[PDB]
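Let me begin by presenting the structure, written as structure tokens, before commenting on it.
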Amino acid sequence: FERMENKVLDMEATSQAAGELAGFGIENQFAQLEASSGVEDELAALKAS
Amino acid sequence: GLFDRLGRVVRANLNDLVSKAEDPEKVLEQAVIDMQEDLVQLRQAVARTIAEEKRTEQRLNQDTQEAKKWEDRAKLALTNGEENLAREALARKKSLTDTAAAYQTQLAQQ
Amino acid sequence: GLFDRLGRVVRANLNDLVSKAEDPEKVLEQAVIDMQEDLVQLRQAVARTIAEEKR
Amino acid sequence: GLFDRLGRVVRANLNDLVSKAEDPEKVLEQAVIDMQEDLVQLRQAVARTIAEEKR
Amino acid sequence: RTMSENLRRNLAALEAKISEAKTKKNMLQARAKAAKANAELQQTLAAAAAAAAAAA
Amino acid sequence: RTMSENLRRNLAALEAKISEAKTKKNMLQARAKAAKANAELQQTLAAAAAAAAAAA
Numbered sequence: 127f128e129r130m131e132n133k134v135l136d137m138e139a140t141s142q143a144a145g146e147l148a149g150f151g152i153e154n155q156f157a158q159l160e161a162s163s164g165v166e167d168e169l170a171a172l173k174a175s
Numbered sequence: 037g038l039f040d041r042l043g044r045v046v047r048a049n050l051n052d053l054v055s056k057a058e059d060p061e062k063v064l065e066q067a068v069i070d071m072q073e074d075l076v077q078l079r080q081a082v083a084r085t086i087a088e089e090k091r092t093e094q095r096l097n098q099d100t101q102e103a104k105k106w107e108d109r110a111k112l113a114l115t116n117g118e119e120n121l122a123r124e125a126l127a128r129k130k131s132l133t134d135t136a137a138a139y140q141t142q143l144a145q146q
Numbered sequence: 134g135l136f137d138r139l140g141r142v143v144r145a146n147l148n149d150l151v152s153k154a155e156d157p158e159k160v161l162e163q164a165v166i167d168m169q170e171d172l173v174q175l176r177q178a179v180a181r182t183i184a185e186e187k188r
Numbered sequence: 134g135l136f137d138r139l140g141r142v143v144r145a146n147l148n149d150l151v152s153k154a155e156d157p158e159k160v161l162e163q164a165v166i167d168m169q170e171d172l173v174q175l176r177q178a179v180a181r182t183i184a185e186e187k188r
Numbered sequence: 327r328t329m330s331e332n333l334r335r336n337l338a339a340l341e342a343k344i345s346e347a348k349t350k351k352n353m354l355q356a357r358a359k360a361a362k363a364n365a366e367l368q369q370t371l372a373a374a375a376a377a378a379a380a381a382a
Numbered sequence: 327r328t329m330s331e332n333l334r335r336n337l338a339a340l341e342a343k344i345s346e347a348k349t350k351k352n353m354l355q356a357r358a359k360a361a362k363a364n365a366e367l368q369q370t371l372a373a374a375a376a377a378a379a380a381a382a
């Protein structure tokens, strides 16, 4: 069980690998600020109609 | 030593003779391609440090939920009148909160 | 090391010599075709994660 | 004694070298199979105590 | 006969924890297979698409 | 029976410090593996990039 748990932490380590990939996504993230405001702007127009 | 200095001179002449057979226009952009794979090597290693940082944060969440488990065992021991087992459970809780503070310190550096 | 730098220069010259035999008009749309099969590989793997979620 | 401690260190390094040649995915279920025959050994002995009780 | 009650409970408690370990084994083996596929797919697709697109 | 209470506590206290040493062992082995990787990556990337760029 203990050695299998050490093997299970290979999946946990793989989760941090996706987190480092996401780090590049944090530099790219400014596009999400314009994307999020845009969907609320047309949604506000749709609600006002 | 004298033969080290003479050796580096003859080796430098041979290295310069090879260096001028390389076309400066073609090899200078090969040097930029090589520098781009150097950045490819750095990004793989940097990402692996992020995984290691998250692994110390996993140990911290395991030992903190293990301390909550032992606190519940201490509560159970006190309702069952077994105060001697409640102290034992509190001693396990203390070693888990003290190692959690070591992992918090490790995580802050990471 | 010095021979790594010299090796990457001679290998880069040979790779550039090959690169200019490829027609830019024809190979640039082969690159878009290749990028379309890259999306074909991603959709198969993504769908397999949905099956794992349902399991 | 000093040579007991040194002996257990060199024996432990050799045992770890062997331990990492074993595939964790395949051997961990062999360990569960082994644990199932351990229960097979216990049930035979327990039943023999019932026979002794009846005697 | 008081020992055979104790042994019959200990035998049932042993197979109960062997049974628990077997269900845990399957779930842990599944997560490891899934995590191996997620990493390969995400990294392969992201790297191949970005590199080919930029060069072309 | 007063000696067996003392021995039963000493046996539990021994395994408690063996248990503590085992958790410490894993955390210390992890830091040593991480530190070995940090040094190699930082030095290799910095030296190779600066030397190649300057020469070219």
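Residue numbers (the working numbering), protein chains in the order written: chain A, 127 to 175; chain B, 37 to 146; chain C, 134 to 188; chain D, 134 to 188; chain E, 327 to 382; chain F, 327 to 382. Backbone N, C-alpha and C fix where the C-beta goes; we use that ideal spot for every residue, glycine too.
- Item | As assigned by DSSP and simplified to three states, the class of residue 154 of chain C | Sequence index remark: in the third sequence, residue 154 of chain C carries index 21 (1-based). Coil.
- Proximity winner among D:186, D:164, D:188, D:175, relative to residue 338 of chain E (alpha-carbon distances): Counting from 1 along the fifth sequence, the entry for residue 338 of chain E is found at position 12. Cα-wise, what sits closest to residue 338 of chain E is D:175.
- Could you give the distance in angstroms between the alpha-carbon of residue 152 of chain D and the alpha-carbon of residue 349 of chain E? Here residue 152 of chain D refers to the residue found at position 19 when the fourth sequence is read from its first residue. Here residue 349 of chain E refers to the residue found at position 23 when the fifth sequence is read from its first residue. Residue 152 of chain D and residue 349 of chain E: Cα-Cα distance of roughly 25 Å.
- According to a CB-to-CB cut-off of less than 8 Å, which residues of the segment 332 to 360 of chain E neighbour chain A? 347, 351, 354, 357, 358, 360
- Message: Tell me the rounded alpha-carbon separation between residue 358 of chain E and residue 135 of chain C.
- Response: Numbered from its first residue, the fifth sequence carries residue 358 of chain E at position 32. Numbered from its first residue, the third sequence carries residue 135 of chain C at position 2. Distance between the alpha carbons of residue 358 of chain E and residue 135 of chain C is about 43 Å.
- Item | Burial state of residue 156 of chain D, where buried means 16 or more other Cβ atoms lie within 10 Å | As a position in the fourth sequence, residue 156 of chain D is number 23, starting the count at 1. The residue in question, residue 156 of chain D, is exposed, as its Cβ has fewer than 16 Cβ neighbours within 10 Å.
- Query: Roughly how many angstroms lie between the CA atoms of residue 119 of chain B and residue 170 of chain D, to the nearest whole one?
  - Reply: Walking along the second sequence from the start, residue 119 of chain B turns up at place 83. Walking along the fourth sequence from the start, residue 170 of chain D turns up at place 37. About 40 Å.
- Query: Shortest alpha-carbon distance to residue 177 of chain D belongs to which of E:334, E:327, E:363?
  - Reply: For this step, residue 177 of chain D is matched to residue 44 along the fourth sequence. Measuring from the Cα of residue 177 of chain D, the nearest candidate turns out to be E:334.
- Quick one: Cα of residue 141 of chain C to Cα of residue 374 of chain E, how far? Taking the third sequence and counting its residues from 1, one reaches residue 141 of chain C at position 8. Taking the fifth sequence and counting its residues from 1, one reaches residue 374 of chain E at position 48. Their backbone Cα atoms lie some 22 Å apart in a straight line.
- Tell me which same chain residues have a C-beta within less than 7 Å of the C-beta of residue 115 of chain B, skipping the five on either side of it? Here residue 115 of chain B refers to the residue found at position 79 when the second sequence is read from its first residue. Within the same chain, residue 115 of chain B has no close Cβ partners at all.
- Query: Between the beta-carbon of residue 138 of chain B and the beta-carbon of residue 329 of chain F, is there less than 9 Å?
  - Reply: Residue 138 of chain B sits at position 102 when you count from the first residue of the second sequence. Residue 329 of chain F sits at position 3 when you count from the first residue of the sixth sequence. No, Cβ-Cβ distance for residue 138 of chain B and residue 329 of chain F is not below 9 Å.
- Start and end residues, alpha helix (DSSP H) containing residue 334 of chain F: Counting from 1 along the sixth sequence, the entry for residue 334 of chain F is found at position 8. 328 to 381 is the span of the alpha helix (DSSP H), which, as asked, contains residue 334 of chain F.
- Measure how close the beta-carbons of residue 90 of chain B and residue 145 of chain A come, nearest whole angstrom, since I'm counting them as under 8 Å. Working through the second sequence from its first residue, we reach residue 90 of chain B at position 54. Working through the first sequence from its first residue, we reach residue 145 of chain A at position 19. So it is a contact: roughly 6 Å between Cβ atoms.
- Three-state secondary structure (DSSP) of residue 118 of chain B: By one-based count along the second sequence, residue 118 of chain B stands at place 82. Of the three classes helix, strand and coil, the one that applies to residue 118 of chain B here is coil, per DSSP.
- Item | Cα-Cα separation between residue 380 of chain E and residue 346 of chain E, rounded to whole angstroms | Taking the fifth sequence and counting its residues from 1, the one referred to as residue 380 of chain E is at position 54. Taking the fifth sequence and counting its residues from 1, the one referred to as residue 346 of chain E is at position 20. Those two C-alpha atoms are separated by around 52 Å.
- Best match in C:185, C:180, C:173, C:145 for proximity to residue 65 of chain B [C-alpha to C-alpha]: If you number the second sequence from 1, residue 65 of chain B lands on position 29. By alpha-carbon distance to residue 65 of chain B, the top candidate from C:185, C:180, C:173, C:145 is C:145.
- Could you spell out the range, first to last residue, of the alpha helix (DSSP H) harbouring residue 141 of chain A? The residue you call residue 141 of chain A lines up with position 15 of the first sequence. Taken as a continuous stretch (DSSP letters only), the alpha helix (DSSP H) holding residue 141 of chain A covers 128 to 154.
- Please report how far the alpha carbon of residue 362 of chain F lies from the alpha carbon of residue 133 of chain A, in whole angstroms. Here residue 362 of chain F is taken as the residue at index 36 of the sixth sequence, counted from 1. Here residue 133 of chain A is taken as the residue at index 7 of the first sequence, counted from 1. Computed Cα separation, rounded: 21 Å.
- Query: Of all Cβ atoms in chain D, is any one closer than 9 Å to the Cβ of residue 130 of chain A?
  - Reply: Within the first sequence, numbered from 1, the residue matching residue 130 of chain A stands at position 4. Taking 9 Å as the CB threshold, residue 130 of chain A lines the interface with chain D.
- Message: For a test of the three-state rule: what should DSSP assign to residue 188 of chain C, helix, strand or coil?
- Response: Numbered from its first residue, the third sequence carries residue 188 of chain C at position 55. Here residue 188 of chain C sits in coil by DSSP.
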